[PDB]
Structure formats: structure tokens, C-alpha cells
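Asks: Quick one: experimental structure and sequence below.
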Amino acid sequence: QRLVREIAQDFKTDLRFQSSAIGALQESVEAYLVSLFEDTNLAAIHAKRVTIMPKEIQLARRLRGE
DNA sequence: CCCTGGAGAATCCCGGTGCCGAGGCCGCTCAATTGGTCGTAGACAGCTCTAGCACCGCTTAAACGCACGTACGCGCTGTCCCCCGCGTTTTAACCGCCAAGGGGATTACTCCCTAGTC
């Protein structure tokens, strides 16, 4: 919550965050992340290795379409 | 040990002629402006009400350092297997050949539609 208020101040100063509807956002972000780790884990086992290098993450970003 | 003169060959490039179509020109042409209405929907408060800002003290739940430790990404070794460049062969569209209808126009015979006067 502190982080999102911090990145919301510069977009619009004195932005009052409603204490509701933030759980939905905080579930959607985690959902997209766990999708990213599952994709990078598939890429990792594709590389016969369990650890994660930057390469897997950047190619996941590029091949997903952003 | 590793570097290169020569050679083979791919690249960049501007003359240098032929072509077909981008753009201009001509002739319609139909749809955006504009007069009005009349009534619709959003701006302007206005009362309300409702969630959040900051504050207080706790509670151990996470967070972080330290130390062990240990095994995996990466880099070394080697082989082996399989795919490419080149040489030879075969499907694969494309354009000519022929004699016959189909038909669309095109014109010839004619035949009824039209219209004149002793």
C-alpha cells in the first residue's frame, strides 16, 4: 500500500486511496507474477537447470508480447 | 605455432532501354450546411452520509546476520552422427497444335404496320 501510494503521488498528488478495491488489484498483480514464474520455470526446465537467470525473464517478457 | 598473395566469387552501383499505371482531366452527383422546432439530458447547487487519516499501545510474525555445507551452472575434456553443398534426376505448370459447336452480332428476305387518292 505504501508503494502504490508512492507511485500514485507523482501521477496525481494528494490521491486519496480508497481502502476497498485494493485487494482485487493485489490479487491480480500476484496472479500475473505467478504466471511469469511458471513461464520462467518452464523455460528453466527447458534449459535443464533449476535456477533463474535474467535471460529467461526477459524472453518471457518479450514472447508474451510486452 | 598462425598470416597472407593470390584467386574465386558475392556486392554496390549507376547507365539504359521498355512498360503500364498514377495522376491529371472530364462529366455527373448526392450528401453536409442551414432555416426552424421541442423536448432531453446534463451542468449547477444542495442535503446528506460514509468511508478513511492519523493517532494511541501491543504481539510476537517476519527479517536479517552468521555459519555450515554442498552440489550445480558452467566450463574443461572427448567422440559421433547427421545435415549441408553440390551433382543428377524427375514432377509441374504454360504455351502452342487441331477440329467442332455456341452464340452473339449482323445483315438479307419479307411481311405486315402505315397511309394516299379517282
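Replies: In hand now; what should we look at? Numbering: from 1, shown residues only, chains lettered A, B, ... in the order given.
Asks: SS state for the residue lying farthest from the centre of chain A?
Replies: When distances are taken from the C-alpha mean of chain A, residue A:14 lies farthest, 25.4 Å away, according to C-alpha atoms, centre = their mean. Applying DSSP: H, G, I helix; E, B strand; the rest coil to residue A:14 yields a three-state assignment of coil.
Asks: Kindly report the same for the one 3 residues further on.
Replies: Going by three-state DSSP, the secondary structure assigned to residue A:17 is coil.
Asks: For it, give its distance to DNA strand B.
Replies: Residue A:17 sits 5 Å away from DNA strand B, going by C-beta to the nearest atom of the strand, to the nearest Å. The C-beta positions use only the backbone N, C-alpha and C, and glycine is treated the same way.
Asks: In this structure that residue contacts residue A:3, no?
Replies: No. Under the contact definition of C-beta atoms under 8 Å, residue A:17 does not touch residue A:3, with a separation of 11.4 Å.
Asks: More neighbours: which of these two?
Replies: Each of residue A:17 and residue A:3 has its neighbours counted (other C-beta atoms under 10 Å); residue A:17 has more, 11 against 7.
Asks: Now that one. Nearest residue, chain neighbours left out?
Replies: Nearest-residue entry for residue A:17: residue A:5, 5.7 Å, with adjacent residues in sequence omitted and distances by C-beta to C-beta, 6 or more residues apart in numbering.
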